Amino acid sequence: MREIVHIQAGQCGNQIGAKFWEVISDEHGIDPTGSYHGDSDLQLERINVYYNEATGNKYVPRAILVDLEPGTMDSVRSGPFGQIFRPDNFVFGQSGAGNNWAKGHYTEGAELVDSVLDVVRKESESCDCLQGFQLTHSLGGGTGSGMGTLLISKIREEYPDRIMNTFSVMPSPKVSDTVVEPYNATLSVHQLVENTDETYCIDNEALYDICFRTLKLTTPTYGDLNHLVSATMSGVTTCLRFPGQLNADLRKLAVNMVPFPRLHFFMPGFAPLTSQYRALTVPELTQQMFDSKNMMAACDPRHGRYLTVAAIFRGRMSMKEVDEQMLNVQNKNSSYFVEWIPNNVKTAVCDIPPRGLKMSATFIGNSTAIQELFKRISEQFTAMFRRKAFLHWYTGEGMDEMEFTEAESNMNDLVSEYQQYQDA
Amino acid sequence: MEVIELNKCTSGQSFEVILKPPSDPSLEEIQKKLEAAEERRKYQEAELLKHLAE
Amino acid sequence: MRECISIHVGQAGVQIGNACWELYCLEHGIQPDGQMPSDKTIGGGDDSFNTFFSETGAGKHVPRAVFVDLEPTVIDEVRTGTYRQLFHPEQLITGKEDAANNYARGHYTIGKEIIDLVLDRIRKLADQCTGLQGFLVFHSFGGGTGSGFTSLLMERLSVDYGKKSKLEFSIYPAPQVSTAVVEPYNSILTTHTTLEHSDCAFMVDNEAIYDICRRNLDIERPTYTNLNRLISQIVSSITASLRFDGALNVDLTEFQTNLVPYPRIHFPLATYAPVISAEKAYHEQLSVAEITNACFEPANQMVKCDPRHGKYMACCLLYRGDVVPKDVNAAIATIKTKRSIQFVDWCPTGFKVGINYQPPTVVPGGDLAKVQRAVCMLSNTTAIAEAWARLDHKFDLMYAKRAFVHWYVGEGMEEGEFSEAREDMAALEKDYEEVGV
Amino acid sequence: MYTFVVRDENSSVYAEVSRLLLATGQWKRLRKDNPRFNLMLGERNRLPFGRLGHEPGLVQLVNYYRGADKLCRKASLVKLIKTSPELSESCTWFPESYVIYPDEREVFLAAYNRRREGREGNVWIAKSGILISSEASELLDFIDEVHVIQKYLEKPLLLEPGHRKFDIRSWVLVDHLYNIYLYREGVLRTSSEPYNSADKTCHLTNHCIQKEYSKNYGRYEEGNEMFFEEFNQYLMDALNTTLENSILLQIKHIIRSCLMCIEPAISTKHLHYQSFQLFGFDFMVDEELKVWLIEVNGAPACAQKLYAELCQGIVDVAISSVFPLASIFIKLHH
Ligand SMILES: Nc1nc2c(ncn2[C@@H]2O[C@H](COP(=O)(O)OP(=O)(O)OP(=O)(O)O)[C@@H](O)[C@H]2O)c(=O)[nH]1
Ligand SMILES: Nc1ncnc2c1ncn2[C@@H]1O[C@H](COP(=O)(O)OP(=O)(O)CP(=O)(O)O)[C@@H](O)[C@H]1O
Ligand SMILES: Nc1nc2c(ncn2[C@@H]2O[C@H](COP(=O)(O)OP(=O)(O)O)[C@@H](O)[C@H]2O)c(=O)[nH]1
Ligand SMILES: [Ca+2]
Ligand SMILES: [Ca+2]
Ligand SMILES: [Ca+2]
Ligand SMILES: [Ca+2]
Ligand SMILES: [Mg+2]
Ligand SMILES: [Mg+2]
Ligand SMILES: [Mg+2]
Ligand SMILES: [Mg+2]
């Protein structure tokens with residue numbers, strides 16, 4: 001039993017985390033009350049990766065819900081699958097974090113972090129073989145960004161030999177709540193550079209463009225954005241939740257995907273994205289899966305080179321034809337894969353498709369083109385920081401300008417590090 | 001050619017055909033390697049916990 | 001009679017060992033519950049099959065085997081499989097978390113915590129031997145356990161059993177079925193550490209088995225079950241001389257005498273024919289000449305390479321089925337005048353032939369058809385160094401950028417072991433070219 | 001869209017082949033160290049044949065035959081013709097040669113002394129720096145200062161006007177099926193100096209030696225290169241015969257004989273990768289219209305006028321035959 005402990009922090013972290021548990025509970029045949037009602041033993045074979053088995057053969061998600069205000073977590077408990085979560089795993093404060101990284105990381109979140117770790121410890125103690133942790137959160141707010149990274153740091157201290165994995169939603173002025181999001185994101189990225197093994201960069205810019213340009217949604221809501229995240233999160237965890245050889249656990253995934261410790265920020269992709277009854281062939285899955293319009297990070301893969309790639313095909317299809325199409329894309333565009341990491345593209349197939357689709361494909365890329373994301377955040381950061389604009393929200397919580405300068409330098413170094421392997 | 005060393009039995013036979021003539025570290029040292037690597041792991045983890053303590 | 005102990009390490013070693021011991025039972029008439037009606041000496045004996053099987057008072061024939069894996073899921077299959085009654089729980093050793101395709105994790109971090117347990121379980125089987133002659137070690141090159149833990153086990157076996165021979169069956173990494181990018185690293189690391197400790201290693205390239213299954217068996221996308229049934233046929237023909245009456249390769253020392261004149265050059269090329277699909281209703285049974293000629297086709301080798309552009313140091317022909325010595329010599333004479341077979345000048349140009357009259361056994365419901373006669377050629381040719389050249393080139397590409405190296409350094413391994421291992425392979429390639437050019 | 005790599009920049013032949021493939025719009029050139037190629041235009045020295053044919057989902061082809069150096073080296077060709085029973089030492093179209101290390105010295109002297117005592121032509125030639133001398137001691141002393149010493153053809157067919165020596169270069173292409181294609185166009189690299197059987201300029205017909213030491217370079221034909229149309233017309237006007245009957249039958253026989261000998265050693269019929277190769281055969285014609293084989297070149301250059309036609313023929317029967325898109329050769333059957 002290789003268990004994973006899931007944590008969702010803040011508004012965005014809990015809203016996408018709730019939909020993630022709804023999507024995978026449906027795939028594993030778990031109802032909103034925890035009872036199993038599936039028809040395939042493949043659903044239960046790896047069920048303990050994300051679910052604890054309770055009394056009466058009930059399946060309880062190994063999830064911990066964290067926030068500094070009760071609003072979003074009250075909505076989750078009122079949601080469809082709200083009753084499935086363990087009540088003690090709801091850990092919340094009352095003051096909120098005011099979209100302020102300092103409040104989440106240093107003041108308001110510091111008061112609440114120890115009680116969160118008490119629940120993490122309770123969940124970890126019963127694990128027969130703990131793989132590590134999975135955090136969902138945004139980087140533009142205060143709780144998920146500031147307290148989420150504080151949690152990552154304190155968990156690494158208590159569990160230094162466990163994998164740290166995050167789903168990190170990147171801010172965008174297209175889907176912006178406050179102007180200080182580049183501040184919060186820049187401070188958080190340096191934490192992720194040091195203290196996570198795998199981070200899926202989910203860009204609200206890309207989610208918006210997909211909803212607008214592709215899905216033809218003229219006025220996208222957060223629900224529209226979170227539907228793309230749900231399907232993506234389901235795909236990237238397929239190899240963890242079903243029997244298989246490739247990337248079956250968090251560490252083996254990291255060994256296949258992370259050639260250098262700081263370069264562990266992945267571009268996720270997904271196919272199909274349909275605005276629906278038409279049959280999608282294996283060649284169509286492969287072409288769309290690698291297409292930039294299907295990337296969730298708002299980076300042009302043709303502007304960089306792929307260090308490593310993980311591909312997951314779901315449904316009843318010809319694995320022979322999957323091998324052919326996967327080899328076709330590599331041999332067709334071998335200039336976009338680094339030549340100094342041979343056979344850096346790995347393919348997995350799962351017989352169980354997601355809900356509503358006969359066939360799907362999920363893309364996990366470690367591309368140097370992700371520097372475009374960090375450059376974008378860096379430019380938005382600097383435009384305000386050169387005038388020290390809005391800094392008083394942060395210095396009022398004890399922070400100094402030097403910590404911002406160091407955060408600026410830390411992310412510029414990350415950009416330089418990606419650029420060195422793009423031309424090597 | 002030449003067929004030499006013909007040995008036969010109930011379950012088979014074997015022979016040789018010639019076509020042309022011709023023209024460790026100790027356990028102590030192993031334990032030192034295993035413990036030296038464990039020492040480097042402890043040093044690397046102690047530096048991490050030191051970094052996290054700061 | 002001298003016993004042989006088989007050791008299966010990692011997923012690949014366990015699953016291949018499970019396929020081999022199934023085949024051994026069918027060949028020797030041993031039922032899944034361990035009973036063997038053809039064995040008249042109840043609860044003991046020094047027959048040829050007793051080199052691989054011990055006997056209990058109740059007549060059960062127990063494999064002299066140990067299964068080791070750092071994750072329990074694969075060996076749990078043996079604990080509940082068809083032949084679960086053959087083994088007792090002491091022969092099946094499992095851990096909690098595997099080596100994560102990381103040689104250093106299998107050798108240093110996790111292997112250190114289980115190496116003393118494995119040796120204790122091997123000592124239990126060795127104490128039941130009146131004259132142990134050595135070990136057969138099954139493992140992959142690419143896995144973290146198969147590479148990292150094996151090299152640690154082979155170091156300790158040389159310490160505890162200095163006079164005993166050790167033979168390997170090794171799975172060379174192939175991207176068509178590989179599951180890790182760093183498998184070239186683990187392969188070089190485990191070959192460097194095991195080289196001085198292995199007397200004879202039979203390398204099997206998953207690429208070659210995969211294509212034989214696709215081309216000769218008409219399997220579209222071969223699985224490990226397809227590959228392992230074919231591998232077990234080759235392993236069975238290699239070890240049949242230890243398990244049956246005969247005069248060729250009768251003990252493990254004879255494998256080195258007949259195939260390995262130079263110690264570091266201890267990687268013989270295996271070629272097997274015929275591989276026939278059981279889906280064909282009628283098939284023309286191949287003659288002695290046709291299957292012997294097939295031993296010089298690269299399409300039938302366990303490692304794709306060109307023996308015409310290397311030199312031979314030894315050649316053994318192992319026949320099973322309807323084969324008489326007269327037809328073997330007629331086939332060899334025809335082949336010598338058509339094929340490019342160059343021996344090294346300090347070795348005789350000849351073949352050691354072994355014939356076992358019992359034709360090959362096929363697993364009921366398998367992919368291989370029954371044949372009247374089959375042959376496995378074991379040839380020590382310098383052309384197998386093409387496999388080292390391919391592996392070392394992939395090593396050089398990744399290591400020039402130190403890609404993934406931090407995973408190994410983080411487990412306590414030093415970066416210098418990478419280059420030291422690569423220099424040993426560089427010396428290995430140089431040895432082959434001196435002999436074969 | 002096929003892919004190919006280029007690993008020999010000093011190849012004027014495949015520089016044009018690479019240019020032709022890109023001009024078709026269906027071939028993309030990769031970096032020289034990119035393993036995901038269909039076609040390798042490989043280097044001359046230490047081509048990594050062992051790394052070919054191990055790319056799943058890629059049919060790989062290389063422009064060299066592994067093992068063909070046995071035919072394209074001086075000492076290798078001499079040893080191959082003597083030791084191979086298919087050719088035998090009684091081979092009639094190859095000059096009596098011997099391999100000498102600075103070994104067949106005792107055999108070369110047994111034939112040299114037999115000629116001086118025999119009162120017959122005893123002029124030889126050593127090569128690997130070339131020395132032509134009727135004194136064996138001057139030849140053996142020159143090597144010590146691996147070589148082969150073969151009988152110098154003292155009676156060569158001389159072209160008139162000029163009374164001059166020549167040699168015939170034939171280009172032969174062997175594809176992955178081991179079809180032997182003889183390019184219909186050859187060249188006569190002619191000496192522009194009158195043959196004096198009593199200077200290494202009228203004796204050596206190399207294009208660089210005639211362009212650096214011969215005073216009459218280009219006097220009779222352009223670049224001291226006579227093509228087959230002119231040479232056939234000369235044979236009809238001067239000797240009442242054709243190029244096909246008097247010479248080309250022997251040339252086709254020698255080409256077929258040499259390549260059939262090494263076929264079992266170098267064929268890629270059942271191999272995980274495929275090979276083709278362009279060879280350059282060099283012949284000599286004596287005064288009695290007998291053809292002698294001098295050397296086989298493994299990486300030959302072409303004549304300027306024939307680069308366009310020959311390189312297009314390489315793409316047709318050797319490259320596009322394996323990788324089809326969307327006769328100038330004579331097939332020597334066997
Ligand atoms: N022929 C064959 N090859 C296998 C089999 N299982 C795994 N492999 C190959 O072995 C290599 C990976 O090694 P594994 O044996 O799976 O790994 P391991 O020894 O269990 O070590 P860990 O990393 O700790 O899991 C890959 O190249 C696989 O293709 C098998 O059953 N048959
Ligand atoms: N046995 C022989 N008898 C008479 N003339 C000979 C001869 N061997 C060589 N020659 C003359 O000397 C020249 C040099 O021969 P050789 O084949 O060694 O040239 P080469 O290898 O240096 C250049 P290439 O690779 O284009 O042939 C030949 O072109 C020929 O004219
Ligand atoms: N994709 C997505 N992004 C969100 C959602 N809610 C908030 N965000 C983004 O997250 C940032 C605000 O962070 P938020 O989670 O609300 O702050 P927190 O509660 O203090 O952690 C902004 O960049 C928003 O665009 C959501 O439901 N989906
Ligand atoms: Ca307070
Ligand atoms: Ca507390
Ligand atoms: Ca008995
Ligand atoms: Ca030893
Ligand atoms: Mg908010
Ligand atoms: Mg394993
Ligand atoms: Mg020994
Ligand atoms: Mg030359």
# chains A, B, ... in the order shown; residues from 1 in each chain; ligands from 1
call {"tool": "residues_near_ligand", "arguments": {"ligand": "ligand 6", "cutoff": "9 Å", "atoms": "only C-alpha atoms and all ligand atoms", "output": "ChimeraX atom specification"}}
result
/C:36,38-47,49-50,54-55,59,61
call {"tool": "closest_atom_pairs", "arguments": {"of": "chain B", "to": "ligand 7", "cutoff": "12 Å", "atoms": "only C-alpha atoms and all ligand atoms", "output": "CSV"}}
result
residue,atom,partner,partner_atom_place_in_ligand_line,distance
B:24,CA,ligand 7,1 (Ca),6.5
B:25,CA,ligand 7,1 (Ca),9.9
B:26,CA,ligand 7,1 (Ca),11.7
call {"tool": "select_by_dssp", "arguments": {"residues": "range 40-206 of chain D", "states": "alpha helix (DSSP H)", "output": "PyMOL selection string"}}
result
chain D and resi 69-72+74-83+105-117+136-144
call {"tool": "write_last_selection", "arguments": {"atoms": "N, CA, C and O atoms", "output": "short mmCIF file (atom, residue, chain, number, x, y, z; two decimals), in the first residue's frame"}}
result
data_model
loop_
_atom_site.label_atom_id
_atom_site.label_comp_id
_atom_site.auth_asym_id
_atom_site.auth_seq_id
_atom_site.Cartn_x
_atom_site.Cartn_y
_atom_site.Cartn_z
N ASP D 69 36.02 -2.88 -46.79
CA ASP D 69 37.43 -2.49 -46.80
C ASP D 69 38.33 -3.66 -47.20
O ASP D 69 39.43 -3.43 -47.71
N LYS D 70 37.88 -4.89 -46.97
CA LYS D 70 38.62 -6.07 -47.43
C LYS D 70 38.90 -6.00 -48.92
O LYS D 70 39.88 -6.58 -49.41
N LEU D 71 38.05 -5.29 -49.67
CA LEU D 71 38.21 -5.11 -51.10
C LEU D 71 38.87 -3.79 -51.47
O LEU D 71 39.42 -3.67 -52.57
N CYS D 72 38.86 -2.80 -50.57
CA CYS D 72 39.25 -1.44 -50.89
C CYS D 72 40.56 -1.03 -50.22
O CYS D 72 40.83 0.17 -50.08
N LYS D 74 44.93 -1.97 -50.26
CA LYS D 74 45.95 -2.61 -51.08
C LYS D 74 46.27 -4.01 -50.58
O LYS D 74 46.10 -5.00 -51.31
N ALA D 75 46.73 -4.12 -49.33
CA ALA D 75 47.09 -5.43 -48.79
C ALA D 75 45.88 -6.34 -48.64
O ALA D 75 46.00 -7.56 -48.79
N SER D 76 44.70 -5.76 -48.36
CA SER D 76 43.50 -6.58 -48.21
C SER D 76 43.07 -7.19 -49.53
O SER D 76 42.69 -8.37 -49.58
N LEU D 77 43.13 -6.41 -50.62
CA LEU D 77 42.74 -6.93 -51.92
C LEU D 77 43.67 -8.05 -52.39
O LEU D 77 43.21 -9.06 -52.92
N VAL D 78 44.98 -7.87 -52.19
CA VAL D 78 45.94 -8.90 -52.58
C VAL D 78 45.68 -10.19 -51.81
O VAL D 78 45.63 -11.29 -52.38
N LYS D 79 45.50 -10.08 -50.49
CA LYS D 79 45.22 -11.25 -49.67
C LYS D 79 43.90 -11.89 -50.06
O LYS D 79 43.78 -13.12 -50.09
N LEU D 80 42.89 -11.07 -50.36
CA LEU D 80 41.57 -11.61 -50.68
C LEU D 80 41.60 -12.40 -51.99
O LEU D 80 40.98 -13.46 -52.09
N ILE D 81 42.32 -11.90 -52.99
CA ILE D 81 42.34 -12.57 -54.29
C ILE D 81 43.11 -13.88 -54.20
O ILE D 81 42.73 -14.88 -54.82
N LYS D 82 44.20 -13.92 -53.42
CA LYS D 82 44.98 -15.14 -53.30
C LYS D 82 44.24 -16.19 -52.46
O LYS D 82 44.12 -17.35 -52.86
N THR D 83 43.74 -15.79 -51.29
CA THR D 83 43.17 -16.75 -50.35
C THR D 83 41.80 -17.25 -50.77
O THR D 83 41.46 -18.41 -50.49
N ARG D 105 58.15 -11.67 -48.73
CA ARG D 105 59.42 -11.30 -49.34
C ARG D 105 60.08 -12.50 -50.02
O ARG D 105 60.56 -12.40 -51.15
N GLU D 106 60.11 -13.64 -49.33
CA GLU D 106 60.75 -14.83 -49.89
C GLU D 106 60.01 -15.34 -51.12
O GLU D 106 60.62 -15.97 -51.99
N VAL D 107 58.70 -15.08 -51.21
CA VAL D 107 57.95 -15.49 -52.39
C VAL D 107 58.11 -14.46 -53.51
O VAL D 107 58.17 -14.81 -54.69
N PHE D 108 58.19 -13.17 -53.15
CA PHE D 108 58.42 -12.13 -54.15
C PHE D 108 59.81 -12.26 -54.77
O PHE D 108 59.98 -12.01 -55.97
N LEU D 109 60.80 -12.66 -53.98
CA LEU D 109 62.14 -12.86 -54.52
C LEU D 109 62.22 -14.13 -55.36
O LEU D 109 62.96 -14.17 -56.35
N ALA D 110 61.47 -15.17 -54.99
CA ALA D 110 61.46 -16.39 -55.79
C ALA D 110 60.90 -16.15 -57.18
O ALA D 110 61.26 -16.85 -58.13
N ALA D 111 60.01 -15.16 -57.33
CA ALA D 111 59.48 -14.79 -58.64
C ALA D 111 60.33 -13.73 -59.33
O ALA D 111 60.39 -13.72 -60.56
N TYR D 112 60.97 -12.84 -58.57
CA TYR D 112 61.84 -11.84 -59.17
C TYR D 112 63.08 -12.48 -59.77
O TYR D 112 63.44 -12.20 -60.92
N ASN D 113 63.75 -13.35 -59.01
CA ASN D 113 64.92 -14.05 -59.53
C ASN D 113 64.57 -14.95 -60.70
O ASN D 113 65.38 -15.15 -61.60
N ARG D 114 63.36 -15.52 -60.69
CA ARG D 114 62.92 -16.36 -61.80
C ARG D 114 62.74 -15.55 -63.08
O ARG D 114 62.88 -16.10 -64.18
N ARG D 115 62.44 -14.26 -62.96
CA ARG D 115 62.27 -13.41 -64.14
C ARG D 115 63.61 -12.90 -64.66
O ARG D 115 63.83 -12.88 -65.87
N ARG D 116 64.50 -12.47 -63.76
CA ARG D 116 65.83 -12.05 -64.20
C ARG D 116 66.59 -13.22 -64.83
O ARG D 116 67.25 -13.05 -65.85
N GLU D 117 66.49 -14.40 -64.22
CA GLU D 117 67.05 -15.60 -64.85
C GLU D 117 66.28 -15.97 -66.11
O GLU D 117 66.86 -16.43 -67.09
N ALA D 136 64.89 -5.38 -57.49
CA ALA D 136 64.12 -5.71 -56.30
C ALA D 136 64.75 -5.13 -55.04
O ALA D 136 64.04 -4.79 -54.09
N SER D 137 66.08 -5.01 -55.01
CA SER D 137 66.74 -4.45 -53.83
C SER D 137 66.37 -2.99 -53.63
O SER D 137 66.27 -2.53 -52.49
N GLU D 138 66.15 -2.25 -54.72
CA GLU D 138 65.72 -0.86 -54.60
C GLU D 138 64.27 -0.77 -54.15
O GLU D 138 63.87 0.23 -53.54
N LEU D 139 63.46 -1.80 -54.43
CA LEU D 139 62.07 -1.81 -53.99
C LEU D 139 61.95 -2.18 -52.52
O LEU D 139 61.17 -1.56 -51.78
N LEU D 140 62.70 -3.19 -52.07
CA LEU D 140 62.63 -3.61 -50.68
C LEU D 140 63.27 -2.58 -49.75
O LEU D 140 62.78 -2.36 -48.64
N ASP D 141 64.36 -1.95 -50.19
CA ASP D 141 64.97 -0.90 -49.39
C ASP D 141 64.06 0.32 -49.28
O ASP D 141 64.11 1.04 -48.28
N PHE D 142 63.21 0.55 -50.29
CA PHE D 142 62.33 1.71 -50.27
C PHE D 142 61.19 1.54 -49.26
O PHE D 142 60.75 2.53 -48.66
N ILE D 143 60.72 0.31 -49.07
CA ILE D 143 59.60 0.09 -48.15
C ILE D 143 60.05 0.25 -46.71
O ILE D 143 59.33 0.83 -45.88
N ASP D 144 61.24 -0.24 -46.37
CA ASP D 144 61.74 -0.13 -45.01
C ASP D 144 61.96 1.33 -44.61
O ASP D 144 61.85 1.67 -43.42
#
call {"tool": "interface_residues", "arguments": {"of": "chain C", "to": "chain B", "cutoff": "10 Å", "atoms": "only C-alpha atoms", "output": "ChimeraX atom specification"}}
result
/C:104,107-109,111-112,152,155-156,158-160,162,196-197,244-249,316-325,328-329,332-333,336,343-358,409-414
call {"tool": "interface_residues", "arguments": {"of": "chain D", "to": "chain C", "cutoff": "10 Å", "atoms": "only C-alpha atoms", "output": "ChimeraX atom specification"}}
result
/D:48-57,66-67,262,264-266,268,270-272
call {"tool": "residues_around", "arguments": {"residues": "residue 158 in chain A", "least_positions_apart": "3", "cutoff": "10 Å", "atoms": "only C-alpha atoms", "output": "list in words"}}
result
residues 117, 121, 153, 154, 155, 161 and 162 of chain A; 49 of chain B
call {"tool": "write_last_selection", "arguments": {"atoms": "N, CA, C and O atoms", "output": "PDB file, in the first residue's frame"}}
result
ATOM      1  N   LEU A 117      -0.584  20.320  10.667  1.00  0.00           N
ATOM      2  CA  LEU A 117       0.424  19.267  10.725  1.00  0.00           C
ATOM      3  C   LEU A 117       0.011  18.141  11.661  1.00  0.00           C
ATOM      4  O   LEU A 117       0.439  16.997  11.476  1.00  0.00           O
ATOM      5  N   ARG A 121       0.088  14.437  10.342  1.00  0.00           N
ATOM      6  CA  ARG A 121       0.757  13.385  11.097  1.00  0.00           C
ATOM      7  C   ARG A 121      -0.189  12.227  11.387  1.00  0.00           C
ATOM      8  O   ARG A 121       0.206  11.058  11.301  1.00  0.00           O
ATOM      9  N   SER A 153       7.147  23.468   3.476  1.00  0.00           N
ATOM     10  CA  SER A 153       8.440  23.544   4.148  1.00  0.00           C
ATOM     11  C   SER A 153       8.432  22.768   5.460  1.00  0.00           C
ATOM     12  O   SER A 153       9.402  22.076   5.786  1.00  0.00           O
ATOM     13  N   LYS A 154       7.348  22.870   6.230  1.00  0.00           N
ATOM     14  CA  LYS A 154       7.296  22.155   7.499  1.00  0.00           C
ATOM     15  C   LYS A 154       7.065  20.662   7.298  1.00  0.00           C
ATOM     16  O   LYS A 154       7.492  19.855   8.131  1.00  0.00           O
ATOM     17  N   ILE A 155       6.410  20.270   6.203  1.00  0.00           N
ATOM     18  CA  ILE A 155       6.235  18.848   5.930  1.00  0.00           C
ATOM     19  C   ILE A 155       7.556  18.226   5.496  1.00  0.00           C
ATOM     20  O   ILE A 155       7.892  17.101   5.895  1.00  0.00           O
ATOM     21  N   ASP A 161      12.240  12.373   3.469  1.00  0.00           N
ATOM     22  CA  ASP A 161      12.451  11.295   2.512  1.00  0.00           C
ATOM     23  C   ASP A 161      11.157  10.891   1.811  1.00  0.00           C
ATOM     24  O   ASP A 161      10.997   9.738   1.408  1.00  0.00           O
ATOM     25  N   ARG A 162      10.225  11.830   1.671  1.00  0.00           N
ATOM     26  CA  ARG A 162       8.973  11.605   0.967  1.00  0.00           C
ATOM     27  C   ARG A 162       8.865  12.579  -0.199  1.00  0.00           C
ATOM     28  O   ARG A 162       9.406  13.688  -0.150  1.00  0.00           O
TER      29      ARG A 162
ATOM     30  N   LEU B  49      18.183  19.867   7.069  1.00  0.00           N
ATOM     31  CA  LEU B  49      17.513  20.250   8.308  1.00  0.00           C
ATOM     32  C   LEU B  49      18.115  21.518   8.897  1.00  0.00           C
ATOM     33  O   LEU B  49      17.398  22.319   9.508  1.00  0.00           O
TER      34      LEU B  49
END
call {"tool": "residues_near_ligand", "arguments": {"ligand": "ligand 5", "cutoff": "12 Å", "atoms": "only C-alpha atoms and all ligand atoms", "output": "PyMOL selection string"}}
result
chain A and resi 111-122
call {"tool": "write_last_selection", "arguments": {"atoms": "C-alpha atoms", "output": "mmCIF file, in the first residue's frame"}}
result
data_model
loop_
_atom_site.group_PDB
_atom_site.id
_atom_site.type_symbol
_atom_site.label_atom_id
_atom_site.label_comp_id
_atom_site.auth_asym_id
_atom_site.auth_seq_id
_atom_site.Cartn_x
_atom_site.Cartn_y
_atom_site.Cartn_z
ATOM 1 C CA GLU A 111 -0.984 30.488 13.892
ATOM 2 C CA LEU A 112 -2.835 27.663 12.089
ATOM 3 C CA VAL A 113 -0.035 25.576 10.549
ATOM 4 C CA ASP A 114 0.648 23.385 13.607
ATOM 5 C CA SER A 115 -2.941 22.124 13.782
ATOM 6 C CA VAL A 116 -2.761 21.252 10.079
ATOM 7 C CA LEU A 117 0.424 19.267 10.725
ATOM 8 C CA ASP A 118 -1.333 17.380 13.524
ATOM 9 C CA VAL A 119 -3.806 16.067 10.940
ATOM 10 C CA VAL A 120 -1.060 15.355 8.398
ATOM 11 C CA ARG A 121 0.757 13.385 11.097
ATOM 12 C CA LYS A 122 -2.412 11.468 11.987
#
call {"tool": "residues_near_ligand", "arguments": {"ligand": "ligand 1", "cutoff": "8 Å", "atoms": "only C-alpha atoms and all ligand atoms", "output": "VMD selection string"}}
result
(chain A and resid 252) or (chain C and resid 9 to 16 69 to 71 97 to 103 105 to 106 139 to 147 171 to 180 183 204 206 209 224 to 225 227 to 228 231)
